[PDB]
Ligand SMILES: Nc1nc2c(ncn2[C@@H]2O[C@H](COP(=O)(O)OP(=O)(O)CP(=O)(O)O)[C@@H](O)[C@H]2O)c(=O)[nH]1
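Quick setup: one chain, the form solved without the ligand, written in structure tokens, and binding and motion questions come after.
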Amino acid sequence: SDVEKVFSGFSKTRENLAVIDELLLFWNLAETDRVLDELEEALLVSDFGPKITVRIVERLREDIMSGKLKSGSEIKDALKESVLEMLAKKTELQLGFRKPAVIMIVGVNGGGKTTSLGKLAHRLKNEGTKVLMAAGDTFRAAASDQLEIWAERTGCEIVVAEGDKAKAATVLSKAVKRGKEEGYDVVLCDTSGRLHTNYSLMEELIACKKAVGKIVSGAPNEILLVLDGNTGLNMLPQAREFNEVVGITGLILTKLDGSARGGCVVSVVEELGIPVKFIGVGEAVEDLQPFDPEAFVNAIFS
């Protein structure tokens, strides 16, 4: 079920990568170079970036020439293993034991940042976690309102901004101070949503993590970057930017339901070394799924 969510999320990627099975029917030692040329094309087509594609393909070539892989089916399994190792190389939320844990959620418009926060709150509440929401998306009035609805839905308290021109850092500080005083397990912090990254946005995010750190030592525990999965490889420059400016601990890739760009998941993880912790594969609250690298590899290749 949970597992079969992901099978649908990447159904189109799986259909497209299936051409690899057909190609491998015609593999033999002599045909290795031509077969690998075609495998390379298929990976690129599904948004495996140039860097990982060459890495995967050349490792297969080596292992074929060395005699480690002696059949099409062995080659296909080595392909799956090579991808799994690029992925899994922790995807769970690392909240520790000190209370409160602090989670910031960041990302640009269209990525489902505020919505994912709501769905995460719903998930945490399910496991019996005491959650305070903090509406630090001060740029988007509609986000703050949406979050209040989410707070009502999930049964969380929410700290909201006073006014249309509140400082996010101020709202977050107030939230974490309160979470600490009132014995909350987790403070879930939203942050400002913009059309695209810019100097103001990053300055703002830096100010935010600095303020929460002032109140609780080590905060935030997690800074999760939410990305529209449909942007494929075009997400990498942006994730790279968030990471070197702010310091991201986990990715959430959304809107993935039905995608043909499954390769980008592997590409973004291996390039930046940040784990994908959740994937959004639907509009339902329970369509925010923790990421399972093995099931993903099976979903796109099998």
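Take the two forms, find the largest set of C-alpha atoms that superpose within 1.5 Å, and that set is the rigid core. All residue numbers refer to positions in the sequence shown, first residue = 1.
FYI, the form solved in complex with the ligand isn't displayed, but the following is about it.
Asker: Whether residue 119 contacts the ligand in the deposited bound form should be assessed with a 4.5 Å heavy atom distance threshold; does it?
Answerer: Residue-level check for residue 119: yes, a contact with the ligand.
Asker: Verify the contact flag for residue 115: yes if a non-hydrogen atom of it lies within 4.5 Å of a non-hydrogen atom of the ligand in the deposited bound form, no if not.
Answerer: Contact check for residue 115: yes, within 4.5 Å of the ligand in the deposited bound form.
Asker: Using 4.5 Å between non-hydrogen atoms, is residue 110 touching the ligand in the deposited bound form?
Answerer: Close contact exists here: in the deposited bound form, residue 110 approaches the ligand to within 4.5 Å, heavy atoms only.
Asker: Please tell me whether any heavy atom belonging to residue 282 falls inside 4.5 Å of a heavy atom of the ligand, as the geometry stands in the deposited bound form.
Answerer: Yes, contact at 4.5 Å.
Asker: Quick one: of 140, 80, 178, 125, which gets a non-hydrogen atom within 4.5 angstroms of the ligand in the deposited bound form?
Answerer: Result of the distance check: 140.
Asker: Given that the partner is absent here, state which listed stretch (235-243, 66-74, 47-55, 252-260) has heavy atoms within 4.5 Å of the ligand in the deposited bound form.
Answerer: Every other range fails; the passing one is 252-260.
Asker: Core-aligned, does residue 275 move its Cα 2 Å or more between the shown form and the other one?
Answerer: No, residue 275 moves less than 2 Å.
Asker: Could you check whether the CA atom of residue 250 moves 2 Å or more between the shown form and the other one, using the rigid core for the fit?
Answerer: Shift at residue 250: below 2 Å after core fit.
Asker: Align on the rigid core first; then say whether the Cα of residue 231 has moved by at least 2 Å between the shown form and the other one.
Answerer: Superposed on the core, residue 231 moves its C-alpha less than 2 Å between the shown form and the other one.
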